[PDB]
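A.B. asks: Shown below is the structure under consideration.
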Amino acid sequence: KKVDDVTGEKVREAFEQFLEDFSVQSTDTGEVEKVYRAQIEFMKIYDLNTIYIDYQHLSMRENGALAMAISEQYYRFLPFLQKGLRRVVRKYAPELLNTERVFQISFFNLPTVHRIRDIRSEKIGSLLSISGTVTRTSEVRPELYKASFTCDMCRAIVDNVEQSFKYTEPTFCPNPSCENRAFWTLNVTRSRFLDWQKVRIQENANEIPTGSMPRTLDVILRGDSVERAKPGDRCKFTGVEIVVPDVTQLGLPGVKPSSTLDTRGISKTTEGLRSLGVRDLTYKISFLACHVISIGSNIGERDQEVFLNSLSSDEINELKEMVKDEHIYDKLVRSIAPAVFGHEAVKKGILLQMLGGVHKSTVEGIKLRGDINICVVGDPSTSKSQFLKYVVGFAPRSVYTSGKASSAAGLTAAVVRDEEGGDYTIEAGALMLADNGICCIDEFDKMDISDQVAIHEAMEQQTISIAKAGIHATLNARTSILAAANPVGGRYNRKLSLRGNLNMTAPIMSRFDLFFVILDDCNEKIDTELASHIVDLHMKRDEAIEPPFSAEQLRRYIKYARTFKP
Amino acid sequence: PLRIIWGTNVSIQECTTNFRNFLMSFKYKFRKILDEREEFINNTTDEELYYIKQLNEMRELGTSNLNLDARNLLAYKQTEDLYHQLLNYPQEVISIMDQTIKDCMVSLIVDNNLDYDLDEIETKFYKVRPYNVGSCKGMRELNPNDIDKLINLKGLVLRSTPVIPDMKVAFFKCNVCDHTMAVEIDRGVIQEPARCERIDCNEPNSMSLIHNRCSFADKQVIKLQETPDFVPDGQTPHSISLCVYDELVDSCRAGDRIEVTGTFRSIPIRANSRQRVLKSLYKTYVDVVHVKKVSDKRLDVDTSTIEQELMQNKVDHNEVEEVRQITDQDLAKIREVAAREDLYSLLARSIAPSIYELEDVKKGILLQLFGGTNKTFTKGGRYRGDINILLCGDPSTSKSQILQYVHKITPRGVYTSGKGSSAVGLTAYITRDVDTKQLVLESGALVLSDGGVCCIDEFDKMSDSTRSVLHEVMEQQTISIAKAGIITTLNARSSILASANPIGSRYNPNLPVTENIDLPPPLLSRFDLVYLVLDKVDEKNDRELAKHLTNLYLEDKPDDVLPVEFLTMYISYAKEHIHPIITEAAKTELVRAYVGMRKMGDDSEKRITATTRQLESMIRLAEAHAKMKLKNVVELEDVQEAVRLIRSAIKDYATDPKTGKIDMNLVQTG
Amino acid sequence: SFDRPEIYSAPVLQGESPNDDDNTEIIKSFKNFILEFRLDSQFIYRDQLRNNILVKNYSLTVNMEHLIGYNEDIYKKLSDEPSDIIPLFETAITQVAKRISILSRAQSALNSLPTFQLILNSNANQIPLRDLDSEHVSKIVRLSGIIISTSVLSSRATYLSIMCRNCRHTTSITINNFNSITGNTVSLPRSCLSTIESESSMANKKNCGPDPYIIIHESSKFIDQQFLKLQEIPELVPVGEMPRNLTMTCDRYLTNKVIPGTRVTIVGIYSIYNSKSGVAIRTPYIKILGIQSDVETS
Amino acid sequence: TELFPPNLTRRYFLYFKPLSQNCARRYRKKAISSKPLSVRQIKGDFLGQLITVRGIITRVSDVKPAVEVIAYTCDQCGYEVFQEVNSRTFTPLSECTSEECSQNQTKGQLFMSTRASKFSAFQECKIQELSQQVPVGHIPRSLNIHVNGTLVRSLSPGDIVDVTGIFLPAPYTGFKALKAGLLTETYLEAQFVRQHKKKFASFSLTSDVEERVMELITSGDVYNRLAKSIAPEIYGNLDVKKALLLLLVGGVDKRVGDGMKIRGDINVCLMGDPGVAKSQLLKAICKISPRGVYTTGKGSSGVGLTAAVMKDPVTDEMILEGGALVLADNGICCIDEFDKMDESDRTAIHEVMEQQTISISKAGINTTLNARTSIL
Ligand SMILES: Nc1ncnc2c1ncn2[C@@H]1O[C@H](COP(=O)(O)OP(=O)(O)OP(O)(O)=S)[C@@H](O)[C@H]1O
Ligand SMILES: Nc1ncnc2c1ncn2[C@@H]1O[C@H](COP(=O)(O)OP(=O)(O)OP(O)(O)=S)[C@@H](O)[C@H]1O
Ligand SMILES: Nc1ncnc2c1ncn2[C@@H]1O[C@H](COP(=O)(O)OP(=O)(O)OP(O)(O)=S)[C@@H](O)[C@H]1O
Ligand SMILES: [Mg+2]
Ligand SMILES: [Mg+2]
Ligand SMILES: [Mg+2]
Ligand SMILES: [Zn+2]
Ligand SMILES: [Zn+2]
Ligand SMILES: [Zn+2]
Ligand SMILES: [Zn+2]
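Residue numbers (the entry's author numbering), protein chains in the order written: chain F, 101 to 199, 260 to 433, 441 to 467, 498 to 763; chain D, 176 to 733, 739 to 784, 788 to 853; chain 5, 2 to 110, 129 to 223, 233 to 304, 319 to 340; chain G, 189 to 564.
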């Protein structure tokens, strides 16, 4: 008979008791409602496979021992959690069990979120939260969850054999026909599969240490969590730290653990006619996330009816209050980039760039661009980079690039060789990460001419073409461009035209809707208030900034206004 | 008789007794008389028990690591042989030392009848970290007979691998009866059980290893660029791999200069992945025991760049110090020196004693070392008090020596040359790792110099594309990379110190200042201080300079200047603990000075007109001057000194505002 | 064009504690029994071994009841599983004899010394031939009867030097076990051993073929094997039954020590062979360990 | 009994110094070992012989531990098992082979120990045929030299040397299809090295040196005698040769306690009309100096001056390989056609001439490297 895990049994009983017994008082009325029975009866209506459990609710139970036991040994106690959930669902909603439905528990609201560099080996097999920027996402793929095999010489079917990460074969064979355990074959049709996605995440910019390069991590999404991560956004993943075999570590210094088979209780004879197998224990840390939540890429869905339903009634009141204002335009144009003193025309253009225009298509099939491209040119130290830094900080789905530091593949899309393996991948460039957003290109004049060619291909075509190696693809590049440029010779020449001052290509220049030339003229009064404003900023930090609208309400108003199609 | 570990000359009992006697009886006066320092002996520091004090404070803070100076072992008479045994046989001697530390830990609380519980001490594992084990010999000068010996290496960290899980206990489960066992690793080998150990179940080949149930330890590989004291003929710098384990993982960042002491190890490498055939030529590496990130000769790292790193250091309990410790007596000396009326001249004069005069240049260099205050907005903005200096000058003006001194004095800067650097080599690139055959990301010179000073010699000779990289570094203190490998924003909070020549290689008074400097206005506006270092021939100046250079060669080894250790710790304390703020009287005269120089720029390029970045530079220099005098506020005189330094650096008094020319005789005073 | 690497060892540490079931400890106990046993006042087996080396008789004759007097556990091991224990005692005899074959001929003024043969006599209870059972299989049995036929001497290989047919790889095989009947328990290897050894650095797909080795007869060594047939004595046979007999094998000094018609006691291993009447039926036979002639014909 | 063999108890390395030509002349002995051969003349019939090859060293690998015999410990029997290694690859011993485990039914498991195993300091060097040795219209050829034991670090790139060693065959490297029979690679296992030019740092005040130095002093007028004998086939130019001798000697290197350094090396430019034999003077100085490297204005590029990141396959690692300035470290760099150089090489020598370092910050590398050349 099988031996059981007594601690796992206590975990199972405590968790299944938690699934009913936990309750909260109602905010509106004060009624004692039990949220997880409501959750299960809600999943029974819509056939959901995923139950969401707050970690604080689990932490309230007992003295906190159940939460600590679940978080510390999540990999060990997870099948017990599954069995407890199956029994609780059986007690109340037996119809969920029939279609066997694979259940997934998603934990969220962990007290701390860990940096990608804070990952250590003692947390392997433990529930934990990480945050990171999604750079690459893979196709949704099937994973062998419950395989079906036939013994090669028995030729009888067996099913529901559990797979523990790497592919396994059974050695039991309860069919009495054979005396051979090792030999099997696997059929793919009768096997049961699960959804699988590998998304690559990167260290956030503020999380990176002083001189280090960013490091990546491959996190696996399964079930309903698949496709909730998108390239170029900041995501918080809650899940288990797992470990994955890695043949890369062969040439590394240090003693690599190996695994020999022990031969002490085997009787042998030297009859004649000494080979043994040893396997490497080399691994890398990965993540298996049960829950994915997308934090805003900013510091702080096309239909308006969908958007207003997300907002609460009190915030809809504030939105309609902002709409009701007769001077709303003046408040908006003064709320754009409050650190910049003056330059109302550039703030107007940036606000209109964030709002944008409608995308229209003729009967021929020609697409009319609704994105508005702005280029800011002028004398040095005219706060041109301040506008771009404000836009990338405030606007969602916005990237900031420099002209010299960028590359043609880094701006649009790159085909990447991974681990010298035969597969090739695509990583999205800056304009793809800013799709339906703003790409801020500072120092536009310093960029290479071939990069300018590669970008205006997307500027007319609104698309990016890939024909390198065996990968052919058409990718969307529906992005607005906010560019900052310096004239030839540093200073802007009044005598010359706009084309004389700019080194940029004429197809670059034709697509820009607005060219804002900001000139530096030395007047005593304007310099006086500008110097006073700058020293007051340095003196007073945040409270020297007085916008009519805060960043959150400005962003809410812009998101509301983008729904309208004039 | 005497029991000796095979292959060693080490007796466990003798080593334990000698090391315990050393712990109980060592005083730092023994170290002083070993180093032939008799006049420096004082009572209250030396005649107290040193390692007893560290053991007491180590119990009180709850730390488990003891730092052992191996030179102290050579100071003590009975442990002179123990020093050679520790160097020759660190694997056994270090374990013996850990056992002796644990025995002294329990003995200190049993003997003194302290309230500390014995059980809490006994469950702790104590380990000692030896350091200063000998001279930093060249790593390529080591022989195969030096394998498994303790060595010192000075180096620069280029990159580190992510944290690697190294298996220590293996978890096996039976497939049929769910019976679990845990087997502990023995010398890199884990023995798989061929059969289930339970009396009921005896199925062969039924134990499967569960990879996520089993326990792991942290292992990290760091590429270190060695900087040895002695370099033989025609040797090129080489990078060595060093392995850190457990708490020392992620203690070292890329671009910092460290002292590594560790054991010299060699392993055979498998020729093929599928084959177990090993290569006969072994691969050498260092298993790191102790890391030192603090040098008395240079400044320490700016802690505002490593706040989260300090927090993670506290979490990991690595007990590695990024900053030097400030005692009460030397802090009192710092406060007394800050009260001197000649503090500015004393600090600037003590910068480069070998370099004669260049007083305003040294003052600007000192203010760059101090830096302005760093302001981080709660909304998300960031202001950095990083000061950029350009030294445009005639040949033979010690500016290369000045950049050399600053490169030596900074904790983690990088020294580069014009046309010896490219745009890619300054920011970041992709290389192929030798060990893993993988594409790995490696920082360029600007990212490596973050938190320090990047010195650029021959700045005028650098190409336009390479100089155009420095714009974002000089204004935002960051680089925004959008390439095939990375699309990210990297912090480069490096103050830039550049040295340059005029177009004709000598300053021409016929041409204006802007033509002589020959920089585009976007790049030249980002420099806080621009120094026109000129060679004026005088009787007294040439006589004094010639005497100053000839006094160097009177002896083989060559007013009052502060020592470099006290200078570094004073600047360190001021950067750490002084964050001055601008006041109203400073604000109004800042505004008045900026308006006045904008009015000077109204006159008719030939001249460098005033710009808003010059107002930012006035703010930063005033903050640096206030931080120098340990004042927590920026008031009017600091701003006047900043303005005066800006005027005197470019020699605005010497130049004619209308023409822009500089005349050598009529105002200039060398 | 480099030579073989050499593998060699030297004792340094004590190692794990010795175990009674380990082969080395059994060999050491056998060696101590040979050296230190006293019958009345003399080391009978040590002096017998010296005299046998002087006569160049490379065998030792051991009384089994002496093993009772000396050490019980190794007697139990020898009785229960003789096939594994007898090579160990033969190794012990050969190891003691090497010390005698060096310290004697170099003092009373090349030599190759073979593995000695264990001949062992018992005075215990004699099993009748028809009372043999499956419980006696692979165990030492003492039994009596009359010998009705002795075959001619066959030649078995002890040491043979073999050479690959086309590869010309040279190998030697040493055989110390001749207990098997109708079976080649040791034979020529099925493929050339040069490739798996990889002894030379050059290693000049080449396959030598199945059974490539050829015996070099002028450098091979041989012994004598004899088949005997033992019948139960005709005085005590059931009236209507044919008397039952057993095939027995002897080798080396046990051959030609008995003629047909002699009534003998025999110590030997009741053993098994398959002869090509039941799906799994094996014919019994005896591997002779000792022959005792009850009476001697004149 | 089993002992540690004498191979495991030897603390010394044994080398064969070749018999000299002068000593061989006395006894009418004809020394094959003494006569320096070019790389071309080392044929297959010289294999196994002690021979001397003269040539310039081009590449030297880093010193690495090459295991000669591997030591394993067995916990079961307490024996130490040693397996010899004579090839580039080996298979480690897994299961114990001592006499105690061999007889026993339970065989022990071997664990390798580095400290008990025997290593040799190993270097692989390339020696190239000298220009006078190369026949007409041919490319110089190279030979592999194996350096073991004490002789390591006695060969540096750019040295013209007599290397005496045993010419030995090696297992074949190359495509299997191209090989015909028992083809072998070749290498020279080094026994002795003699330097054609003695390094200045290797100078020691031996007894025989002292009488020659005293003779040169007591002859008198040493400064003019040494200066006028630098390039004696060149008429006149006495002050130029005097400054060239001062170039060879140089001033003292200055170290300040602050860490600031003032170079002791002298830099000399010779600019003049064509036909003043200044190229002859550069070649004369630059054969005289032990670490002299002769360069051309455009023949030596930027990467041929400073450094390049290249893979070393014998030690299997990417290392920095120096250019002409690194080859002349603590020597003289001999730059002919100085005005014909491009600006990048001018910046390189601009950093070299005062700071005596080359700072490279490219995609390949972020280093500073020592280039302590005196420049002519
Ligand atoms: N109108 C303004 N309002 C506020 N700050 C300003 C203004 N003009 C300049 N500044 C400040 O002056 C500095 C100029 O920085 P940048 O925005 O990088 O200048 P820029 O317009 O981008 O010119 P380049 O092309 O970078 S030289 C910053 O510290 C700005 O905050
Ligand atoms: N003012 C000075 N004080 C002290 N030493 C000096 C001074 N001026 C020149 N020297 C000495 O002369 C040497 C000349 O080197 P540097 O002055 O550093 O050259 P430089 O100023 O960088 O000019 P370059 O190399 O043509 S750009 C220095 O190394 C000092 O030894
Ligand atoms: N003073 C001299 N003594 C001896 N030979 C001389 C003298 N001047 C010139 N020659 C010879 O004239 C030739 C000049 O050769 P070079 O060494 O190339 O002169 P050069 O100064 O290098 O001229 P270049 O290369 O055109 S600048 C050689 O054959 C010299 O031997
Ligand atoms: Mg800008
Ligand atoms: Mg210089
Ligand atoms: Mg010439
Ligand atoms: Zn079957
Ligand atoms: Zn079991
Ligand atoms: Zn063969
Ligand atoms: Zn063994």
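C-beta atoms are modelled at their ideal positions from N, C-alpha and C, and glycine is treated no differently.
Within 7 Å (strictly less), CB to CB, does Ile631 (chain D) reach chain G?
C.D. replies: As a first step, residue 631 (chain D) is located in the second sequence; it is residue number 456 there, counting from the start. Judged by the 7 Å Cβ criterion, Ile631 (chain D) is not in contact with chain G.
A.B. asks: For a test of the three-state rule: what should DSSP assign to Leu849 (chain D), helix, strand or coil?
C.D. replies: Numbered from 1 along the second sequence, position 666 holds the residue referred to as residue 849 (chain D). The answer is coil: DSSP assigns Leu849 (chain D) none of H, G, I, E or B.
A.B. asks: Does the beta-carbon of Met519 (chain F) have 16 or more other beta-carbons within 10 angstroms, so that it is buried, or is it exposed?
C.D. replies: Residue numbering aside, residue 519 (chain F) sits at position 322 when the first sequence is read from its first letter. Classification of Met519 (chain F): buried, given that the 10 Å Cβ count is 16 or more.
A.B. asks: By DSSP's criteria, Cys418 (chain D) is part of a beta bridge. Which residues make up the other side?
C.D. replies: The residue labelled residue 418 (chain D) in the question sits at position 243 within the second sequence. Paired residue(s): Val396 (chain D) and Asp462 (chain D).
A.B. asks: I'd like to confirm the pairing. Which residues does DSSP put opposite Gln362 (chain F) in its beta bridges?
C.D. replies: Looking up residue 362 (chain F) in the first sequence gives position 202. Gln362 (chain F) is bridged to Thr293 (chain F) and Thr376 (chain F).
A.B. asks: Any heavy atom of ligand 2 closer than 6 Å to the Cβ of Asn676 (chain D)?
C.D. replies: One-based indexing of the second sequence puts residue 676 (chain D) at position 501. Correct: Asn676 (chain D) has its Cβ closer than 6 Å to ligand 2.
A.B. asks: Report yes if the CB atom of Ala472 (chain G) is closer than 7 Å to the CB atom of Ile418 (chain G), and no otherwise.
C.D. replies: For the purposes of this step, residue 472 (chain G) is taken as residue 284 along the fourth sequence, with counting starting at 1. For the purposes of this step, residue 418 (chain G) is taken as residue 230 along the fourth sequence, with counting starting at 1. Yes, Cβ-Cβ distance for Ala472 (chain G) and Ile418 (chain G) is below 7 Å.
A.B. asks: Quick check: is the beta carbon of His735 (chain F) nearer than 7 Å to any beta carbon in chain D?
C.D. replies: By 1-based counting over the first sequence, the position of residue 735 (chain F) is 538. Taking Cβ atoms only, chain D reaches closer than 7 Å to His735 (chain F), which makes this a yes.
A.B. asks: Could you round the C-beta distance between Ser249 (chain G) and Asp500 (chain G) to whole angstroms and report it? I think they count as a contact, below 8 Å.
C.D. replies: Counting from one through the fourth sequence, the residue named residue 249 (chain G) turns up at place 61. Counting from one through the fourth sequence, the residue named residue 500 (chain G) turns up at place 312. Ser249 (chain G) to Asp500 (chain G), Cβ: 6 Å. Contact.
A.B. asks: Below 8 Å on the Cβ atoms is my contact criterion, and I expect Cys457 (chain F) with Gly539 (chain F) to pass it. Report the Cβ-Cβ distance as a whole number of Å.
C.D. replies: Numbered from its first residue, the first sequence carries residue 457 (chain F) at position 290. Numbered from its first residue, the first sequence carries residue 539 (chain F) at position 342. Not a contact, Cβ separation roughly 51 Å.
A.B. asks: Could you tell me whether any Cβ in chain D is nearer than 7 Å to the Cβ of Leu270 (chain F)?
C.D. replies: Looking up residue 270 (chain F) in the first sequence gives position 110. Chain D contact via Cβ: absent.
A.B. asks: Does DSSP put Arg261 (chain F) in a helix, a strand or coil?
C.D. replies: Locating residue 261 (chain F) in the first sequence gives position 101, counting from the first residue. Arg261 (chain F) falls in the coil class under three-state DSSP.
A.B. asks: State the beta-bridge partners of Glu494 (chain D) as determined by DSSP.
C.D. replies: Within the second sequence, residue 494 (chain D) is the residue found at index 319, counting from 1. DSSP, once it has assigned bridges, lists no residue as partnering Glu494 (chain D).
A.B. asks: Under 7 Å Cβ to Cβ from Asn518 (chain G), same chain only, skipping five residues before and after it: list those, please.
C.D. replies: On the fourth sequence, residue 518 (chain G) is found 330 positions in, with the first residue counted as 1. Taken in chain order, the residues that qualify are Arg479 and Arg560.
A.B. asks: Fully enclosed by the stretch 180 to 248 of chain D, which beta strand (DSSP E) runs are 3 residues long or longer?
C.D. replies: 240 to 244, all fully within the stretch 180 to 248 of chain D.
A.B. asks: With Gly332 (chain 5) as the anchor, note down where its alpha helix (DSSP H) starts and where it stops.
C.D. replies: Here residue 332 (chain 5) is taken as the residue at index 290 of the third sequence, counted from 1. Not the alpha helix (DSSP H): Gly332 (chain 5) falls in the beta strand (DSSP E), residues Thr325 to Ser335.
A.B. asks: Where does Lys537 (chain D) sit, in a helix, a strand or coil, going by DSSP?
C.D. replies: As a first step, residue 537 (chain D) is located in the second sequence; it is residue number 362 there, counting from the start. Note: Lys537 (chain D) maps to helix in three-state DSSP.
A.B. asks: So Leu412 (chain F) and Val396 (chain D) are supposed to be a Cβ contact under 8 Å. How far apart are they, rounded?
C.D. replies: In the first sequence, the residue the question calls residue 412 (chain F) occupies position 252. In the second sequence, the residue the question calls residue 396 (chain D) occupies position 221. Between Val396 (chain D) and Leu412 (chain F) the Cβ distance is about 6 Å, and since that is below 8 Å, they are a contact.
A.B. asks: Taking DSSP as the reference, what is the three-state secondary structure of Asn691 (chain D)?
C.D. replies: As a first step, residue 691 (chain D) must be located in the second sequence, where it is residue number 516. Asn691 (chain D): helix per DSSP, three-state reduction.
A.B. asks: Does the Cβ of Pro577 (chain F) have 16 or more other Cβ atoms within 10 Å, making it buried, or fewer, making it exposed?
C.D. replies: In the first sequence, counting from the first residue as 1, residue 577 (chain F) sits at position 380. Answer is buried; the Cβ neighbour count reaches 16.
A.B. asks: When the cut-off is 7 Å and only beta carbons count, does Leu566 (chain D) lie next to chain G?
C.D. replies: As a first step, residue 566 (chain D) is located in the second sequence; it is residue number 391 there, counting from the start. False, the Cβ-Cβ gap to chain G never drops below 7 Å.
A.B. asks: Whose C-alpha, out of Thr689 (chain D), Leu224 (chain D) and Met777 (chain D), is nearest the C-alpha of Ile845 (chain D)?
C.D. replies: For this step, residue 845 (chain D) is matched to residue 662 along the second sequence. It is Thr689 (chain D).
A.B. asks: Are the CB atoms of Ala625 (chain F) and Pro374 (chain F) nearer to each other than 7 Å?
C.D. replies: Numbered from its first residue, the first sequence carries residue 625 (chain F) at position 428. Numbered from its first residue, the first sequence carries residue 374 (chain F) at position 214. No, they are not a contact pair.
A.B. asks: For the stretch 669 to 689 of chain F against the stretch 561 to 574 of chain F, are there 3 or more C-beta pairs whose distance is under 8 Å?
C.D. replies: As far as the Cβ criterion goes, the stretch 669 to 689 of chain F touches the stretch 561 to 574 of chain F, which means the pair count is three or higher.
A.B. asks: Just to confirm, does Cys289 (chain G) get its C-beta within under 6 Å of one of the non-hydrogen atoms of ligand 9?
C.D. replies: Along the fourth sequence, one-based indexing puts residue 289 (chain G) at 101. Flag unset: Cβ of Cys289 (chain G) not near ligand 9.
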